[PDB]
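J.: Have a look at the structure that comes next, please.
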Amino acid sequence: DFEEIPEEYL
Amino acid sequence: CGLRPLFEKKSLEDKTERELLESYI
Amino acid sequence: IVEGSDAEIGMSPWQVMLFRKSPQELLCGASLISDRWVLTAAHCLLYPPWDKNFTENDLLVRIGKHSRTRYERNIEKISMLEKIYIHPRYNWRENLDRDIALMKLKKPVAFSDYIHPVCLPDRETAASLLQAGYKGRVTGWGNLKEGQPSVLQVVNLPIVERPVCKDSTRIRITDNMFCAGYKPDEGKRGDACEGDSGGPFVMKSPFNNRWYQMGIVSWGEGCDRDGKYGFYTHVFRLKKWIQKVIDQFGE
Ligand SMILES: *[C@@](O)(c1nc2ccccc2s1)[C@H](CCCNC(=N)N)NC(=O)[C@@H]1CCCN1C(=O)[C@H](N)Cc1ccccc1
Ligand code: NA
Ligand code: NA
């Protein structure tokens, strides 16, 4: 239920 | 280190830090 | 945390979130000790009975967080690890003795109202504060009960005397560990709980009024049981080790 993070991060 | 911007820095105290300090006999 | 409360904003700006890229999910707590160094529990990275063995590439470090779940768009800073360092004598096979690790950030983080490091105790600071009766504070986004909170939780707990610690369990307790919580008589509750691991046990010095990290959430049996206590990595006893890697590898 974790909101999505910026792909710049992964 | 250990001096919080929103608290120590402006000389404000958090809601329960005194419970800490009062335990230090 | 069990029986704690929501943290106020900026109350624990050294609080870090250990974050799994995939499945993206909360691994453990951690603490910021400088702009490039994070302190955690070695069992958050390496724990063979459960098949845990994380590498740098597997993780993200989230700093300046309040919400468990949201990406805090102009508040939190996410970082990549350059390197992981675990206590060579960490004991995962029996009691989690020396449960500590250091993480070197790829790039230094900029401090802010929400992001600021905690101090590491000194012999004399440890000496006056690490006392039975003295209270410390624990923080984390872990289990609420032996489910997950929406916001960072905090709890104040008293340090307990070694013998009581020792008599509460069958696991072998070492000098690299201390236990905290209220006695059942005492009638006040609170504990850390699964998911809180690797988070800071801090005390505020009455001498220079800075916040010092005395312990790291380590292990317990159940959460908030009467006659039982949380166990923490005694940070001061392991200081030299720490001194050693920062001094041989970064800053
Ligand atoms: C902490 O939140 C975690 N670490 C891991 C790492 C990977 C997966 C999931 C999590 S949970 C947790 C903190 C417990 C605090 N409890 C109280 N204060 N009441 N730690 C653990 O669960 C550790 C890690 C392995 C086993 N743990 C235990 O606490 C066992 N219940 C007891 C134990 C102690 C020593 C050796 C083996 C077992
Ligand atoms: Na015992
Ligand atoms: Na207990």
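Each chain of the structure tokens is named A, B, ... in the order shown, its residues numbered from 1; ligands are numbered from 1 in display order.
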Just want the residues within 7 Å of ligand 2, written as a ChimeraX atom specification, counting only C-alpha atoms and all ligand atoms.
T.: /C:166-172
J.: Kindly save the residues from that selection, with N, CA and C atoms included, as a PDB file, in the first residue's frame.
T.:
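File produced: selection.pdb:
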```
ATOM      1  N   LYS C 166      17.976 -10.033  32.269  1.00  0.00           N
ATOM      2  CA  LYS C 166      18.460 -11.398  32.235  1.00  0.00           C
ATOM      3  C   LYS C 166      17.430 -12.416  32.711  1.00  0.00           C
ATOM      4  N   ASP C 167      16.696 -12.183  33.749  1.00  0.00           N
ATOM      5  CA  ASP C 167      15.658 -13.049  34.283  1.00  0.00           C
ATOM      6  C   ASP C 167      14.313 -13.138  33.529  1.00  0.00           C
ATOM      7  N   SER C 168      14.110 -12.323  32.526  1.00  0.00           N
ATOM      8  CA  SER C 168      12.950 -12.174  31.719  1.00  0.00           C
ATOM      9  C   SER C 168      12.986 -13.122  30.511  1.00  0.00           C
ATOM     10  N   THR C 169      14.165 -13.760  30.364  1.00  0.00           N
ATOM     11  CA  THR C 169      14.258 -14.568  29.097  1.00  0.00           C
ATOM     12  C   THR C 169      15.269 -15.701  29.264  1.00  0.00           C
ATOM     13  N   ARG C 170      15.257 -16.533  28.285  1.00  0.00           N
ATOM     14  CA  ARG C 170      16.106 -17.693  28.095  1.00  0.00           C
ATOM     15  C   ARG C 170      17.196 -17.339  27.074  1.00  0.00           C
ATOM     16  N   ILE C 171      17.061 -16.325  26.231  1.00  0.00           N
ATOM     17  CA  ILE C 171      18.206 -15.973  25.343  1.00  0.00           C
ATOM     18  C   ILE C 171      19.398 -15.432  26.216  1.00  0.00           C
ATOM     19  N   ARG C 172      20.604 -15.797  25.800  1.00  0.00           N
ATOM     20  CA  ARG C 172      21.825 -15.250  26.436  1.00  0.00           C
ATOM     21  C   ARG C 172      22.090 -13.785  26.014  1.00  0.00           C
TER      22      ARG C 172
END
```
J.: To check your reading of the model: which residues sit at most 9 Å from ligand 1 when counting only C-alpha atoms and all ligand atoms? Write the answer as a PyMOL selection string.
T.: chain C and resi 1-2+27-29+41-47+49-50+52+91-97+142-143+146+171-172+179-181+190-199+217-225+228-232
J.: May I ask for the distance between CA of residue 89 in chain C and CA of residue 215 in chain C, given in Å to one decimal place?
T.: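 Result for CA of residue 89 in chain C versus CA of residue 215 in chain C: 17.8 Å, one decimal.
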J.: Env of residue 13 in chain B: 12 Å cut, atoms = only C-alpha atoms, seq-sep filter 4 positions within chain, self excluded. Answer as a PyMOL selection string.
T.: (chain B and resi 3-9+17-21) or (chain C and resi 8+10-11+204+209)
J.: Those residues with C-alpha atoms, as a PDB file, in the first residue's frame please?
T.:
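For reference, part_33.pdb as written:
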```
ATOM      1  CA  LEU B   3      20.038  20.090  17.834  1.00  0.00           C
ATOM      2  CA  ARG B   4      16.734  19.932  15.962  1.00  0.00           C
ATOM      3  CA  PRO B   5      15.800  22.822  13.651  1.00  0.00           C
ATOM      4  CA  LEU B   6      12.139  23.035  14.762  1.00  0.00           C
ATOM      5  CA  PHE B   7      12.904  22.516  18.421  1.00  0.00           C
ATOM      6  CA  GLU B   8      16.248  23.157  20.164  1.00  0.00           C
ATOM      7  CA  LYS B   9      17.245  25.747  17.519  1.00  0.00           C
ATOM      8  CA  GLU B  17      10.714  15.684  26.209  1.00  0.00           C
ATOM      9  CA  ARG B  18      10.163  16.815  29.850  1.00  0.00           C
ATOM     10  CA  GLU B  19       9.220  13.211  30.891  1.00  0.00           C
ATOM     11  CA  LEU B  20      12.739  12.340  29.707  1.00  0.00           C
ATOM     12  CA  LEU B  21      14.498  15.162  31.584  1.00  0.00           C
TER      13      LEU B  21
ATOM     14  CA  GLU C   8       5.249  15.702  15.854  1.00  0.00           C
ATOM     15  CA  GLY C  10      10.638  17.380  12.774  1.00  0.00           C
ATOM     16  CA  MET C  11      10.635  15.623  16.262  1.00  0.00           C
ATOM     17  CA  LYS C 204      18.508  14.060  25.627  1.00  0.00           C
ATOM     18  CA  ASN C 209      20.822  19.470  25.687  1.00  0.00           C
TER      19      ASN C 209
END
```
J.: Please determine, counting only C-alpha atoms and all ligand atoms, which residue among C:247, C:25, C:3, C:51 has the shortest atom-to-atom distance to ligand 3.
T.: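 Distance minimum relative to ligand 3 lands on C:3.
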J.: Near residue 8 in chain A, within 12 Å and counting only C-alpha atoms, which residues show up once chain neighbours fewer than 5 positions away are dropped, as a PyMOL selection string?
T.: chain C and resi 78-80
J.: Next, the residues of the selection above should be written as a PDB file, in the first residue's frame with C-alpha atoms.
T.:
```pdb
ATOM      1  CA  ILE C  78      15.838   9.168  -1.080  1.00  0.00           C
ATOM      2  CA  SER C  79      19.426   7.851  -1.368  1.00  0.00           C
ATOM      3  CA  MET C  80      21.406   4.968  -2.809  1.00  0.00           C
TER       4      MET C  80
END
```
J.: Select all residues from chain C having any atom no more than 10 Å from an atom of chain B (counting only C-alpha atoms, ignoring ligands), output as a count of residues only.
T.: 46
J.: Could you list, as a ChimeraX atom specification, every residue of chain A that has an atom within 8 Å of an atom of chain C, counting only C-alpha atoms?
T.: /A:1-5,9-10
J.: Could the residues in this selection be saved with C-alpha atoms as a PDB file, in the first residue's frame?
T.:
```pdb
ATOM      1  CA  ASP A   1       0.000   0.000   0.000  1.00  0.00           C
ATOM      2  CA  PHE A   2       3.177   1.979  -0.530  1.00  0.00           C
ATOM      3  CA  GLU A   3       2.670   4.935  -2.851  1.00  0.00           C
ATOM      4  CA  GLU A   4       4.857   4.776  -5.955  1.00  0.00           C
ATOM      5  CA  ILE A   5       8.264   6.417  -6.165  1.00  0.00           C
ATOM      6  CA  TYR A   9      15.199   6.611  -7.857  1.00  0.00           C
ATOM      7  CA  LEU A  10      15.052   2.990  -9.016  1.00  0.00           C
TER       8      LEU A  10
END
```
J.: List every residue of range 51-225 of chain C that DSSP, applied to the backbone of this structure, places in strand (DSSP E), and write the result as JSON, numbers by chain.
T.: {"C": [52, 53, 59, 60, 61, 62, 63, 77, 78, 79, 80, 81, 82, 83, 84, 85, 86, 101, 102, 103, 104, 105, 135, 136, 137, 138, 139, 140, 153, 154, 155, 156, 157, 158, 177, 178, 179, 180, 200, 201, 202, 203, 204, 211, 212, 213, 214, 215, 216, 217, 218, 219]}
J.: Enter the distance from CA of residue 103 in chain C to CA of residue 81 in chain C, in Å, rounded to one decimal.
T.: 6.6 Å
J.: Quick one: DSSP helix (DSSP H, G or I) residues in chain B, as a PyMOL selection string?
T.: chain B and resi 8-10+17-23
J.: Just the selected residues (C-alpha atoms), exported as a short mmCIF file (atom, residue, chain, number, x, y, z; two decimals), in the first residue's frame, please.
T.:
```cif
data_model
loop_
_atom_site.label_atom_id
_atom_site.label_comp_id
_atom_site.auth_asym_id
_atom_site.auth_seq_id
_atom_site.Cartn_x
_atom_site.Cartn_y
_atom_site.Cartn_z
CA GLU B 8 16.25 23.16 20.16
CA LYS B 9 17.24 25.75 17.52
CA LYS B 10 14.15 27.95 18.18
CA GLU B 17 10.71 15.68 26.21
CA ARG B 18 10.16 16.82 29.85
CA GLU B 19 9.22 13.21 30.89
CA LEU B 20 12.74 12.34 29.71
CA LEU B 21 14.50 15.16 31.58
CA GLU B 22 12.48 14.57 34.75
CA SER B 23 13.65 10.95 34.87
#
```
